[PDB]
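**Q** Dumping the structure here so I can ask a few things about it.
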Amino acid sequence: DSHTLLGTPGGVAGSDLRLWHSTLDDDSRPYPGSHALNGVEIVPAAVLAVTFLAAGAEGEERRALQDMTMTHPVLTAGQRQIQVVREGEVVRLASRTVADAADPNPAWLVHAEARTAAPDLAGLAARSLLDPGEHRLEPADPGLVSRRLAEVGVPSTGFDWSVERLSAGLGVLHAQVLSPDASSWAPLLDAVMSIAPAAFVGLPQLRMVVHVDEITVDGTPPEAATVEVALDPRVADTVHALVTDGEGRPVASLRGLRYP
Amino acid sequence: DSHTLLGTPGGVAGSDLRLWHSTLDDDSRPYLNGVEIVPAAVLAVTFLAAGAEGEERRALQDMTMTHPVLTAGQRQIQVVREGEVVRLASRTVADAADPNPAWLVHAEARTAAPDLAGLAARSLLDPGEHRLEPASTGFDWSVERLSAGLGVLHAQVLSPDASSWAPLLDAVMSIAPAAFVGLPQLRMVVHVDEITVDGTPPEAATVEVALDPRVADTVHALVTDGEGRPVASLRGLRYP
């Protein structure tokens with residue numbers, strides 16, 4: 001209910017390794033809603049992100065994430081054991097079949113990994129939203145926003161956010177987002193990563209994020225935000241995001257979201 | 001090896017760390033009044049086995065025994081192999097109300113490639129040269145014969161259980177403090193520089209124990225079969 005997959009802390013004697021263990025099934029999903037491909041429930045990338053943020057910052061101040069790879073999706077179907085590992089500046093999320101007498105130590109599958117780093121908050125604060133006029137952002141019809149947002153991502157969302165306004169240009173979107181749950185960054189991160197693939201031009205494809213070069217968050221999540229999402233002009237299948245609060249102060253950035 | 005504290009293997013994703021977990025209880029001993037103490041020999045064979053999970057056999061070096069493994073009821077045991085370092089720890093049995101009690105590290109050692117040609121080149125000190133006059137047991141071993149000199153003993157030991165090295169190692173580490181001159185004190189080993197074992201334990205053995213002439217509170221041991229072929233050595237047993 002923290003929106004993370006961090007369960008019971010575990011230690012290795014004589015080692016600064018940090019572990020957390022948990023069991024995942026359909027009745028212990030750390031998020032409220034459903035995130036599913038035709039009845040295939042997949043843990044949202046936002047949950048992986050906040051899990052890594054929490055694991056990074058446990059005995060310390062908050063971290064940014066770098067080179068977050070999401071190689072294999074985490075499914076909720078049946079029952080699986082989850083291990084989150086912090087080893088130095090590396091965090092990993094793994095799962096395996098629930099151990100039993102016949103297989104008391106099944107091998108781990110590593111789903112995702114990132115590196116933790118000191119957040120670049122002056123970098124973050126020096127960002128601002130692209131100028132609407134300069135990039136010719138036209139306000140979009142609510143009905144088409146809903147259809148587009150549905151088309152490019154998984155039909156329902158994991159979390160309680162919504163788009164109250166959206167302006168769109170060529171490979172740029174500005175979305176005014178409501179996010180009443182401020183108990184974690186997962187809802188806003190889920191909004192960013194659900195809205196981001198709407199920026200791609202051409203025919204709508206269903207995409208899922210598999211990599212992020214950098215995730216930086218600052219402070220507690222606001223309940224109203226503007227989410228900017230912009231195509232990388234040079235590298236395919238890549239989007240960059242900025243989140244500001246209602247007064248336009250930058251509160252999160254996600255660089256190099258990859259949606260192949 | 002039947003006398004180790006190695007329980008269920010466990011792993012850390014993305015790491016070559018090896019873990020084993022077990023619960024230690026008076027009902028299921030792998031080998032005072034209401035308190036139980038794990039013999040040093042059990043710690044040694046645990047570390048030998050943890051060292052040699054992939055490989056065939058390791059020697060141990062710099063085995064330190066800091067806190068005895070004591071139990072009056074139930075305790076969780078963790079054995080850790082991290083590269084060439086092995087550690088043994090214990091804690092109160094976790095539950096939902098206390099889900100991650102802290103580990104107490106009892107002992108540690110380093111693993112290394114056993115020097116078996118070195119071991120085979122050892123032999124028992126000459127009885128005549130050292131003027132040997134012929135004169136706890138939680139396991140099944142016993143001393144059937146003993147010759148003693150100044151700071152040296154040769155003890156013929158019977159050890160019917162050959163399912164592990166723990167009984168013979170326990171005999172060595174129990175008989176070694178007898179090598180100290182002067183009035184008998186109870187001593188218990190807290191450090192060993194090197195432990196090397198080869199093959200399966202014999203059921204009859206001779207144990208040599210000799211004071212280090214130069215360093216205080218230190219004893220060296222050699223274990224041979226009945227024909228004097230070396231099967232184990234323990235160098236630098238420290239008994240403060």
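Going by the structure tokens order, chains are called A, B, ..., each with residues numbered from 1, while ligands are numbered from 1 in the order shown.
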Considering only C-alpha atoms, give me a table of residues in chain B that are at most 9 Å from chain A, with the closest atom pair and distance in Å for each, as a tab-separated table.

**A**
```
residue	atom	partner	partner_atom	distance
B:8	CA	A:104	CA	6.8
B:9	CA	A:105	CA	6.0
B:10	CA	A:105	CA	5.7
B:11	CA	A:105	CA	7.5
B:12	CA	A:85	CA	7.5
B:13	CA	A:108	CA	5.7
B:14	CA	A:110	CA	7.2
B:15	CA	A:87	CA	8.7
B:19	CA	A:12	CA	8.2
B:78	CA	A:13	CA	7.5
B:79	CA	A:13	CA	8.3
B:80	CA	A:13	CA	7.2
B:82	CA	A:15	CA	8.8
B:87	CA	A:13	CA	7.5
B:88	CA	A:13	CA	7.9
B:89	CA	A:13	CA	6.4
B:90	CA	A:13	CA	8.8
B:99	CA	A:8	CA	6.6
B:100	CA	A:10	CA	6.1
B:101	CA	A:10	CA	8.8
B:102	CA	A:11	CA	7.9
B:103	CA	A:13	CA	5.9
B:104	CA	A:13	CA	7.6
B:105	CA	A:13	CA	6.6
```

**Q** Output the selection as a short mmCIF file (atom, residue, chain, number, x, y, z; two decimals), in the first residue's frame - N, CA and C atoms for each residue.

**A**
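Result file follows (again24.cif):
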```cif
data_model
loop_
_atom_site.label_atom_id
_atom_site.label_comp_id
_atom_site.auth_asym_id
_atom_site.auth_seq_id
_atom_site.Cartn_x
_atom_site.Cartn_y
_atom_site.Cartn_z
N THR B 8 18.93 -24.57 4.42
CA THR B 8 18.37 -24.34 3.08
C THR B 8 19.21 -23.30 2.35
N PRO B 9 19.70 -23.66 1.15
CA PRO B 9 20.41 -22.66 0.36
C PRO B 9 19.50 -21.51 0.00
N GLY B 10 20.08 -20.32 -0.07
CA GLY B 10 19.40 -19.16 -0.58
C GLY B 10 20.37 -18.30 -1.36
N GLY B 11 19.83 -17.41 -2.16
CA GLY B 11 20.64 -16.63 -3.08
C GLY B 11 20.21 -15.19 -3.12
N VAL B 12 21.10 -14.33 -3.61
CA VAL B 12 20.78 -12.95 -3.82
C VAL B 12 20.84 -12.68 -5.30
N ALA B 13 19.72 -12.27 -5.86
CA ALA B 13 19.63 -11.98 -7.30
C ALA B 13 20.73 -11.03 -7.75
N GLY B 14 21.45 -11.42 -8.79
CA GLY B 14 22.50 -10.57 -9.40
C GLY B 14 23.83 -10.64 -8.66
N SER B 15 23.93 -11.55 -7.71
CA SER B 15 25.10 -11.62 -6.85
C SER B 15 25.57 -13.07 -6.74
N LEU B 19 24.09 -18.15 0.56
CA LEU B 19 23.52 -18.15 1.90
C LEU B 19 22.97 -19.52 2.20
N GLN B 78 22.36 -18.27 10.02
CA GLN B 78 22.72 -17.91 8.65
C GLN B 78 24.18 -18.14 8.43
N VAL B 79 24.49 -18.91 7.39
CA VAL B 79 25.86 -19.05 6.94
C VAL B 79 26.00 -18.34 5.62
N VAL B 80 27.08 -17.58 5.49
CA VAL B 80 27.30 -16.70 4.36
C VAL B 80 28.61 -17.04 3.74
N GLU B 82 30.86 -15.22 0.95
CA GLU B 82 31.05 -14.04 0.14
C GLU B 82 32.48 -14.06 -0.40
N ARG B 87 31.06 -16.75 6.93
CA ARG B 87 30.62 -16.26 8.23
C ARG B 87 29.45 -17.10 8.70
N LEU B 88 29.32 -17.22 10.01
CA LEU B 88 28.18 -17.85 10.62
C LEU B 88 27.56 -16.88 11.62
N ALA B 89 26.25 -16.71 11.52
CA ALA B 89 25.50 -15.79 12.38
C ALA B 89 24.24 -16.43 12.92
N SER B 90 23.68 -15.86 13.97
CA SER B 90 22.39 -16.31 14.51
C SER B 90 21.53 -15.15 14.94
N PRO B 99 9.96 -8.92 12.28
CA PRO B 99 10.15 -9.65 11.03
C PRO B 99 11.62 -9.73 10.58
N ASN B 100 12.48 -8.95 11.20
CA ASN B 100 13.89 -8.90 10.79
C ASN B 100 14.80 -8.58 11.96
N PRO B 101 14.87 -9.48 12.95
CA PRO B 101 15.84 -9.27 14.05
C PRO B 101 17.29 -9.27 13.54
N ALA B 102 18.15 -8.55 14.22
CA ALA B 102 19.51 -8.35 13.77
C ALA B 102 20.36 -9.61 13.98
N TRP B 103 21.34 -9.81 13.11
CA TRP B 103 22.23 -10.97 13.22
C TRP B 103 23.32 -10.72 14.25
N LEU B 104 23.67 -11.78 14.99
CA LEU B 104 24.90 -11.82 15.76
C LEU B 104 25.92 -12.71 15.02
N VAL B 105 27.04 -12.12 14.62
CA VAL B 105 28.09 -12.88 13.91
C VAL B 105 28.97 -13.64 14.92
#
```

**Q** Which residues are close to residue A:22, i.e. within 6 Å by only C-alpha atoms, leaving aside same-chain residues fewer than 6 positions away? Reply as a ChimeraX atom specification.

**A** /A:7,81-82

**Q** With only C-alpha atoms as the atoms that count, which of B:153, B:176, B:43, B:24 lies nearest to residue B:106?

**A**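 That would be B:43, the residue with the smallest distance to residue B:106.
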
**Q** May I ask for the distance between atom CA of residue A:24 and atom CA of residue A:75, given in Å to one decimal place?

**A**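 Here the two named atoms are 8.7 Å from each other.
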
**Q** Just asking: which residues within stretch 10-197 of chain B are alpha helix (DSSP H) according to DSSP, as an NGL selection string?

**A** :B and (40-51 or 116-121 or 166-175)

**Q** For a quick check of understanding, using only C-alpha atoms, which of A:186, A:241, A:177, A:6 has the smallest distance to residue A:21?

**A**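 Looking only at the distances to residue A:21, the closest residue turns out to be A:6.
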
**Q** Taking into account only C-alpha atoms, which residue in the set B:86, B:157, B:52, B:186 is nearest to residue B:201?

**A**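 Among the listed residues, the smallest separation from residue B:201 belongs to B:157.
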
**Q** Using only C-alpha atoms for the distances, tell me which of B:53, B:97, B:64, B:17 is nearest to residue B:81.

**A** B:17

**Q** Determine, counting only C-alpha atoms, which protein, DNA and RNA residues have an atom within 6 Å of an atom of residue B:63; residues of the same chain fewer than 3 positions away are not included. Present the result as number ranges by chain.

**A** B: 108-109, 191-192

**Q** Between atom CA of residue A:245 and atom CA of residue A:139, what is the distance, to one decimal in Å?

**A**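 Result for atom CA of residue A:245 versus atom CA of residue A:139: 19.4 Å, one decimal.
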
**Q** Based on DSSP run over this structure's backbone, return all residues of stretch 26-224 of chain A in strand (DSSP E or B), as an NGL selection string.

**A** :A and (36-37 or 40-42 or 64-70 or 75 or 80-87 or 90-97 or 100 or 103 or 109-117 or 138-139 or 162-168 or 172-178 or 211-217 or 224)

**Q** Filtering to C-alpha atoms, could you give me those residues as a JSON list (two decimals), in the first residue's frame?

**A**
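Full text of out-v4.json as output:
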```
[["chain", "number", "residue", "atom", "x", "y", "z"],
["A", 36, "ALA", "CA", -3.68, -5.31, -17.62],
["A", 37, "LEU", "CA", -3.28, -6.49, -21.24],
["A", 40, "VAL", "CA", -2.87, -10.09, -18.14],
["A", 41, "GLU", "CA", -2.01, -8.01, -15.07],
["A", 42, "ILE", "CA", 1.43, -6.38, -15.25],
["A", 64, "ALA", "CA", 17.75, 9.73, -8.43],
["A", 65, "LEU", "CA", 17.69, 6.67, -10.62],
["A", 66, "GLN", "CA", 19.85, 6.22, -13.64],
["A", 67, "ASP", "CA", 19.77, 3.60, -16.37],
["A", 68, "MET", "CA", 16.68, 1.93, -15.13],
["A", 69, "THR", "CA", 16.13, -1.14, -17.28],
["A", 70, "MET", "CA", 12.90, -3.03, -17.29],
["A", 75, "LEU", "CA", 3.26, -10.51, -13.77],
["A", 80, "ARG", "CA", 5.62, -15.49, -6.97],
["A", 81, "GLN", "CA", 8.29, -14.53, -4.48],
["A", 82, "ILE", "CA", 9.85, -11.06, -4.95],
["A", 83, "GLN", "CA", 13.34, -9.98, -3.95],
["A", 84, "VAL", "CA", 14.55, -6.40, -4.05],
["A", 85, "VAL", "CA", 18.26, -5.94, -3.67],
["A", 86, "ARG", "CA", 20.36, -2.90, -2.95],
["A", 87, "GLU", "CA", 24.02, -3.61, -3.53],
["A", 90, "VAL", "CA", 22.76, -0.86, -7.79],
["A", 91, "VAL", "CA", 19.16, -1.81, -7.16],
["A", 92, "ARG", "CA", 17.49, -4.90, -8.62],
["A", 93, "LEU", "CA", 14.05, -6.44, -8.57],
["A", 94, "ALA", "CA", 13.78, -10.19, -9.03],
["A", 95, "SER", "CA", 11.11, -12.88, -8.80],
["A", 96, "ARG", "CA", 10.97, -16.60, -8.58],
["A", 97, "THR", "CA", 8.55, -19.49, -8.14],
["A", 100, "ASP", "CA", 8.86, -25.63, -1.70],
["A", 103, "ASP", "CA", 12.65, -26.83, -5.01],
["A", 109, "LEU", "CA", 14.74, -13.91, -12.56],
["A", 110, "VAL", "CA", 15.99, -10.32, -12.58],
["A", 111, "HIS", "CA", 13.17, -8.13, -14.02],
["A", 112, "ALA", "CA", 14.64, -4.72, -13.60],
["A", 113, "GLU", "CA", 17.72, -2.94, -12.40],
["A", 114, "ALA", "CA", 18.90, 0.60, -11.93],
["A", 115, "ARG", "CA", 21.73, 2.64, -10.54],
["A", 116, "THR", "CA", 21.11, 5.11, -7.75],
["A", 117, "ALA", "CA", 22.73, 8.55, -7.71],
["A", 138, "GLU", "CA", -3.28, 23.37, -29.69],
["A", 139, "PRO", "CA", -5.81, 22.42, -26.97],
["A", 162, "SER", "CA", -6.70, 12.07, -14.63],
["A", 163, "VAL", "CA", -6.07, 14.58, -17.37],
["A", 164, "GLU", "CA", -8.16, 17.76, -16.97],
["A", 165, "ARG", "CA", -6.59, 19.59, -19.96],
["A", 166, "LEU", "CA", -4.27, 18.59, -22.78],
["A", 167, "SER", "CA", -2.49, 20.73, -25.41],
["A", 168, "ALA", "CA", -0.61, 18.99, -28.19],
["A", 172, "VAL", "CA", 5.09, 17.54, -27.67],
["A", 173, "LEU", "CA", 2.17, 17.40, -25.19],
["A", 174, "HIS", "CA", 1.32, 19.44, -22.13],
["A", 175, "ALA", "CA", -1.17, 17.75, -19.85],
["A", 176, "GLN", "CA", -2.67, 19.25, -16.76],
["A", 177, "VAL", "CA", -3.00, 16.34, -14.42],
["A", 178, "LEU", "CA", -4.96, 15.80, -11.21],
["A", 211, "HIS", "CA", 14.19, 1.81, -20.12],
["A", 212, "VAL", "CA", 14.67, 5.21, -18.52],
["A", 213, "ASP", "CA", 18.01, 7.01, -18.51],
["A", 214, "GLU", "CA", 17.22, 9.16, -15.52],
["A", 215, "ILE", "CA", 14.46, 9.64, -13.04],
["A", 216, "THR", "CA", 14.64, 12.62, -10.65],
["A", 217, "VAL", "CA", 11.91, 13.57, -8.19],
["A", 224, "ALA", "CA", -2.02, 19.02, -9.35]]
```
